[PDB]
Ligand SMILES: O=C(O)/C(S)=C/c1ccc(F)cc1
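Given next, in structure tokens, is a single chain: the form solved without the named molecule.
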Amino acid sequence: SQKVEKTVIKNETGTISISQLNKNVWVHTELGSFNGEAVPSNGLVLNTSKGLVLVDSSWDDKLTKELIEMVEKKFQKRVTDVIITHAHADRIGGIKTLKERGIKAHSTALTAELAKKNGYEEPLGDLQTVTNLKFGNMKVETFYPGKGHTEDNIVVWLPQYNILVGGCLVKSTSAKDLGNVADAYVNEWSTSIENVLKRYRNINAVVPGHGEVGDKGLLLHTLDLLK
């Protein structure tokens, strides 16, 4: 009888929020913790018929669980697939839970090479620079403009909605710099972004590594700080 009239999906705690980009895709944002502060990591939920999908897992298995025990009933679809942009706590951080239940972490051969270097699991890694994926009525093509946020940092592209997932590689409007370039290549970063605005210019919406979806303006944003 009693119900609210909202679109997004924010749990009682308010840590995990999923905004519906349209009617077949959402943006799951898992809030972590920077030791006293909050670290909201946006994402992308694909509403397919073959199974639910989320771009980049949660910070830690502790968070991922709360994200899988909420979307599995809210979306009416069980998660069994996840796209990995690179090797980071905001990507495969919760892979431990994705490779325990039955979630295939699609990634590039390299993504499954540097992942263990940090102590993470081993994803599919059966991807490449430019490839086409199919998750049942859900087409997802990747892209490797070069080195930037990581050694295999890539950007998920969706030709079904012209949506792009710049990820950490592409800073958000609410950013002042890249921050932490130890595991990244600022020498190729500016070179990778320029490729996402020269080749994959056509974008209806871009989702950075943190914050929310926007536009191509996020691409030039990275170079505006990593310059």
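So that there is no doubt, residue numbering starts at 1 and follows the sequence shown.
Only in words, not in the display: the form deposited with the named molecule bound, which the text now covers.
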(request) Flag residue 88 as yes or no: does it have a non-hydrogen atom within 4.5 angstroms of any non-hydrogen atom of the named molecule in the deposited bound form? (result) yes
(message) So in the deposited bound form, is the named molecule close enough to residue 168 to count as touching (4.5 Å, heavy atoms)?
(response) yes
(request) May I ask you to state whether residue 66 is within 4.5 Å of the named molecule in the deposited bound form, using heavy atom distances? (result) no
(message) Can you tell me if residue 10 lies within 4.5 angstroms of the named molecule in the deposited bound form, counting non-hydrogen atoms only?
(response) no
(request) Could you check which residue among 183, 194, 61, 188 gets a heavy atom within 4.5 Å of the named molecule in the deposited bound form? (result) 183
(message) Among the candidate stretches 153-161, 88-96, 75-83, 125-133, which one is within 4.5 Å of the named molecule in the deposited bound form when only heavy atoms are counted?
(response) 88-96
(message) Pick out the residues of 133-153 whose heavy atoms come within 4.5 Å of the named molecule in the deposited bound form.
(response) 149
